[PDB]
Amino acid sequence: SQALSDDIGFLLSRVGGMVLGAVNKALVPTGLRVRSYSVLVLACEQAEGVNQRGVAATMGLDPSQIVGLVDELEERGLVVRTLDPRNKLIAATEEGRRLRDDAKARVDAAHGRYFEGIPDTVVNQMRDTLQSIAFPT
């Protein structure tokens, strides 16, 4: 194919932009954005919290960026910086967990606008293929 609309990179970037735009708009009341929300989600995954290097790896962020994101979340008392008995941990507070729960509802609703109508198995397969790329290991 010679058409632009068949360019898989073009399509990923176009659809990604649309979805993230809708998610950022939906997130407004939470004070969060896709990036800060993502960090909160990572921090909420385990009770002990997430390792800062783990966040970097997962999200492709520089240390300085992560620091900034975490600073923002900590200022709002959604996250606290903890130590691992020498790994730097970011643990969600109860409030952070409540906000994460609220935000997820909004994010899911936003995804729904674009994915409802597509068979779950088809969406699921897309998720799986993207996973094999975003998390090769």
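Each residue number is its position in the shown sequence, starting from 1.
Trainee: Mean Cα B factor from the PDB record: higher for 114-122, or higher for 19-27?
Mentor: Comparing averages over the C-alpha atoms only gives 114-122.
Trainee: Hey, which bit's got the bigger mean C-alpha B factor in the entry, 32-40 or 95-103?
Mentor: The entry gives the higher C-alpha B-factor average to 95-103.
Trainee: Where does residue 46 sit by CA temperature factor within its chain: lowest, middle or highest third?
Mentor: Highest third.
Trainee: Sorting the chain's CA B-factors, does residue 75 end up in the lowest, middle or highest third?
Mentor: Ranked within chain, residue 75 CA B lands in the highest tercile.
Trainee: Tell me, lowest, middle or highest third: where does the Cα B factor of residue 108 rank within its chain?
Mentor: Ranked within chain, residue 108 CA B lands in the lowest tercile.
Trainee: Looking at the C-alpha B-factor of residue 69, is it in the lowest, middle or highest third of its chain?
Mentor: For residue 69, whose C-alpha B-factor we compare with every modelled residue in the chain, the answer is the middle third.
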